[PDB]
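The letters A, B, C, D, E, F and G name the chains in turn, as written, and every chain counts its residues from 1.
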Amino acid sequence: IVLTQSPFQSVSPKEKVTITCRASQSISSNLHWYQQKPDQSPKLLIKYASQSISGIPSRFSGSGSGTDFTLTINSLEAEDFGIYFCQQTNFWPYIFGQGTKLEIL
Amino acid sequence: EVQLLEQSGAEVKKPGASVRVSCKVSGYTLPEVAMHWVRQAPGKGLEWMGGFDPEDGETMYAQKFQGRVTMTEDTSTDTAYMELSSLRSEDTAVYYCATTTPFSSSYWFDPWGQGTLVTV
Amino acid sequence: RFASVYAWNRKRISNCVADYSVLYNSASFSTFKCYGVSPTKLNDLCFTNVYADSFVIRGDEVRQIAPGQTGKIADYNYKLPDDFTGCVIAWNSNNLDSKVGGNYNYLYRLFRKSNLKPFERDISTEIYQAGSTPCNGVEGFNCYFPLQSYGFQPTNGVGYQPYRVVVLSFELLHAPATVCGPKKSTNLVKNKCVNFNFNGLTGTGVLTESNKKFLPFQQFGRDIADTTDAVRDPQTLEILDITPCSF
Amino acid sequence: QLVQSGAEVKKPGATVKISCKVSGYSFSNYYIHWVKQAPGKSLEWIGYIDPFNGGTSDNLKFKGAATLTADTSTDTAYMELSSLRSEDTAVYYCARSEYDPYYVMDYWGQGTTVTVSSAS
Amino acid sequence: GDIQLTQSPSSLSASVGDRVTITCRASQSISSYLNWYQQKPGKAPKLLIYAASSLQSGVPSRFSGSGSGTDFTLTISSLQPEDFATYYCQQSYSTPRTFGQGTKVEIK
Amino acid sequence: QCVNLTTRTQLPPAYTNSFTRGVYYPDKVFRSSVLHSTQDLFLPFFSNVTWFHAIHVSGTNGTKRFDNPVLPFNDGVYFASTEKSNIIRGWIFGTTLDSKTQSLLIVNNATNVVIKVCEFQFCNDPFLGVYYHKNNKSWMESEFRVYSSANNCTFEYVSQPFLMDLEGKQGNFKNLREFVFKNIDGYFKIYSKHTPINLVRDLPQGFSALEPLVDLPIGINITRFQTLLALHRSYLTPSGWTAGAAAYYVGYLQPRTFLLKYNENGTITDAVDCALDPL
Amino acid sequence: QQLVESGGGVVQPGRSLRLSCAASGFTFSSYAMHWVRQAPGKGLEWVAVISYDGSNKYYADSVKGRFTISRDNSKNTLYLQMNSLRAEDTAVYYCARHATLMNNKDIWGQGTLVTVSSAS
C-alpha cells in the first residue's frame, strides 16, 4: 500500500498539471487527496478519488483505475498550489503517499 | 458361518426399463468377499456374469455382457448393485448372486441368495 | 469457505500457539478492530477458549456488528454484547465469497420471532408469523421465511462486498488459560551467571550447556538441597548446565 | 470541527496526555482518527478511537503506548502518548472520521506539537 | 371459498416484436402475490416475474410485470421468436394456490 | 462386529517370578554413578507376576483358547509382552469400560499409535479385527471389534508406534516389550523398553531400566484394563478368528523404596529393594 | 438441483399407488414441496403440500381422495400415496416448489404419467 505519486512540481501555472499516484500492486478502488499548506492542517480535497466534497473548486479533478490514480489540477494558479497528499484506504495500514508539492513559475 | 440376504426380491418390469440387483450380506461385510453372478434361465443351464476378480482386485464383468451390465458396491451397508439395461426377449432368467474368497484363487460359489427372476 | 451469519460457526480454540503476531503480520483485514483492551496487549495474555464467530456479512452489515449495537445482523443473526474482550476481524472477501451470478450459499435472518441473546444464533427455519394469522411452517399471509439470500455478486459495492468476518471473542474463564503467545519470553543468553526464569523456576548461576541426558520427561534437574542443577528451554527445547557463580 | 490543546514541550521517557474536543455533530457516533505529522516529513497514522467503545485499532509502527481513551460527557478524545522521545517531537492531529471503513481525514484539529528536548 | 383467477386472453396469436398485454384478474384483492411462468409444451415452468412487479434473473426487461389488488399484467415488449410459448399467472395469497389457465403466444 | 469369541476357557493364569524387573527411570535429573534411593511405585522384586497365556493353541485339535479378562488396574500395572509377531495391541483402560467414564484406549497400528480418552462402549470381547482389506491386498484393522461407540471424548492423540517389533533374528528375540502404566493423579504415564529377550518365554534376569514414553493428562481414576489382540479372519478351514498364539505377563506396583545405582552414562544397573529381605 | 420421480403407468381404478419424489443438489428438509397435476390440454392444477420444517399435510379439496403425503428425509425423498383414484386423474404429476418472494428454489421434476383405467 505504498504511494509514490510525485516528488514535487515545477511548471508554468494555469496548465492542466497532473500528479499520478502510482500505487503498489494493492489495486484499491478507494483513495483520497488532501491539500496541505506550509504549517497548516491539511484538508481532504478529493474524496474517494472520484467524488467531490462540498466547498472544493473544480480546478483539481481526481480520477484513476485500480491502483494507479491521478489528480489533474486544471488551470492551477499562483494562489492555490501547495503540497498535495494521496491518502490510502481499506488496506489496514492507512499509509499516505509522500505528497505532491506544487511549485509554479 | 455366513447368512446371505435377498438380492433383489420380487421384481417385474414391462419391456423398456432397467432393474438393479443389490446383493446384501450378513455375518461378513462387503470388502471381504468377492461378488459373482449367474444367469439361470428356467429350463436352461448356468451363465456366469458380473464377478469380482481375485486377481487385479477388479470387479469382473462377463465378456459376453460387457457394457450392458455394470456394478457398484457400498461397503458400509454392504449393498452390491448389479445394473441391467437394454432389455431383450431372452433376458428373463434367475440372476443369482454368489461370492468367492477375498484373498485370491477361488472358483466356487459356496454361499448364494437363491437368485432373482426378471421380466421382459 | 465461511458460514452464514444467521448460523455462524462457533470455533472454540484451545491449546494454541502465539498467533496474534501473525494476525498483525497479515495487515490485510479491513475492519480489524479489537475490544476490551488494545489488541497488542492481548498478545501474551492467554484466554481459555477463544470463540471464533465465523461468518460472512456485508460492508454495511458490519456497521451493525459491534459490541452492544443493534441491526438486522446484530439482532436476528449475531448479537454482540456490550462487554466484549474479544476482537472483531473483518476483511473484504468479494473475490472468494462472491461468484459470477451471486453467491447465495450463505443466508441471513432479516427478521426473527424475537431478538438474539449475547453470542448466540438462530438456525430455526420455522417460518415466523410476521402478522397474526398463523401458517405453522407453511408460507402464506402474515408469515414469511426467516432466511433470505444475500446479494453476493462480484459487482457488489464496497459497502456491500461480502466481508469474511471472524469475531475472536477472547474468553478468560476459570479453566487454565491455554491460548497465549510467547508470554514475554526474552531470548536466552549463555555463559553468563544470571537469574534464569524457566517457567517460574527462579535461580542464579553460570548457565553453560549440558550433555546430561534428560529423557524427554526431564526438563529441569535437581540437587541434594532441592536446587536445580541442569535445566532446559521452554520455547526451543535445549538442555543447559548450571554452576552458581563465584561467592 | 475539532479542537486540540496548545503546543506542549515535554521530557524524554515520561508520558503526556493530549485532548481533542468536538462540536458540530454527534460525537459518540463518529470515529476520531489520531495522526502524527513528523517534523518536516510525511504523515504517519498513529491510530483511531471509536467515540462510543474502545475501538482503538492501533498502528504498529511505533509502540510508544500511545493509548486512546475518550469521554462523551465533555466530548473529548484523549491520546496518551507514553515514553516521549526524539521520535515524538512531531505535531499530532485529531481528525473526524467515518463510523465505517469509509475512513477519510477531512475535518481536523488545530494540530498540537509535542516537542521533546533534554529539558523543558 | 377459493380465490378465482381469470387469464385474458387465454390464447393470443402474435407476431415479431409486438407489445402484448396478458392480464390476470383475481377474485379478491391480492397485494402483490402473483407470479408469471414461461413454459414450452413439455418443459418446466420457468418463472418470469415474482411479486407481479419484479423481473427475474436471466430474463431481460422484455418481460415486465405490473399491477396489484385484483388486476395484474404481464406486459411483454419486443417479442422475439423464442418468446412464443405457454405463459401462466400464479397466485400465492392464500391456500390452496391456483394457477392461470395458460396463455399461448404463437407466431402468425 | 466384535465377535463374542471368549470360547469357554478361563485358562488359569500361571505364575512367574519377576527377578529384577520393573525398575523405571523415576527422576527428572541425569545422575552419573550416583547410588540414589527412590520412594516410588515399583514392581516388587521376586513378586508373583501372573503369566497370562492369552491365545492358547490347544494340542488336541488346535482350537486356540481366548483370554484377557478385565484385569484390575489397582495402582499401576507392569505389562510384559513377549509375543514375536505383534498379536498384542493397545489396551482398553477405564473405570467401567463404558460411557460416563472415559475409558482410555490405546491402539497400536503399524503406522502410528492412537490414544483416545473418550467415552467408549466396549462389548464382551474387545479385540482387533484384522481382516483382509481385499483392495490392494491389504490387512485393514476393524477397530469396532473393540468398542461399540466412541463419543464424549476429551483427549485424542497420535504418536510413534509403541509396540515396535524388530524381529529380524528368528530366535534370541521376540523382544520383551515392557510398559509401566502409572495413573499418577489424573496423568497416565507410560514407560517402555524393547529388550532382546534370550529365553523362550520366561522373564530373564535382566535390568529393565524402563524409559518413559508419554505423560497424558487423564483426570479419571483407571481401575481396570484388558489388552487387545490382533485376530486374523480365518477361511473355510476343511466368525473365524484367533490367529497366532499369545502370552504375556502382568505384575502390580507397590509404593516401596528402591536403591538405584546409576552408571557413568547415567543408566540404572544395580537395583536392590528395601522391603525384600534383611540383606 | 434435480428431481426424480417414480415410474408411472396404468392402474385399475379404486387402487392405491406410492409415488416418490427424490431430490438432489439441495435437501428437501430445509424447504417444503408440492405435488401438481397436469392433464393433456389441462392447466397446471396444484394437488398437495408437504412441509418437513414442522409437521402438517395440506390437500386439495378440489381433488380430495386422501392422497396421503409423507417424508423420507434420509434420502431427500417424499411419498404421495394415490388413494381412491378415478378416470379423470389420468395425468402427469409434477414435484414442485413455490418461490414466494423470499427464496428462488422453484424446481420441477421430469414428470411421470399416471393412468386410471381398467384397460392396460
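Keep in mind that, in the parts below, a contact is a pair of C-beta atoms (placed from the backbone, for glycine too) under 8 Å apart; a residue touches a chain by one contact, two chains touch by 3 or more.
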For this session: Give the chains in contact with both chain D and chain G, ordered by label.
Result: C
Exercise. Taking every chain's C-alpha mean, which one sits closest to the mean of all protein C-alpha atoms?
Worked result: C
Seminar exercise, completed: Rounded to the nearest Å, the gap between Cα centres of chain C and chain G is 48
Exercise. In whole angstrom, how far does the Cα centroid of chain B sit from the Cα centroid of chain C?
Worked result: 54
Seminar exercise, completed: Expressed in whole Å, how far the mean CA point of chain A lies from that of chain B is 78
Seminar exercise, completed: Note: chain C sits from chain A at a C-alpha centroid distance in Å of 39
Problem set entry | Residues within chain A bordering two or more other chains | 30, 90, 92-93
Problem set entry | Residues of chain D whose C-beta touches two or more other chains | 57, 101-102
Exercise. Listing for chain E: what residues touch at least two other chains?
Worked result: 57, 92, 95
Exercise. So in the complex, which bits of chain G are touching chain C?
Worked result: 30, 32, 49, 51, 53-56, 58, 98, 100-104
Seminar exercise, completed: The chain C residues in contact with chain E across the complex are 101-102, 138-141
Problem set entry | chain C residues touching chain F - in the complex, by the definition given at the top | 212-222, 229-230
Problem set entry | chain A - residues contacting chain C, complex | 29-30, 90-93
For this session: In the complex, go through chain G and note every residue touching chain E.
Result: 43-46, 49, 58, 60-62, 98-101, 104, 106, 108
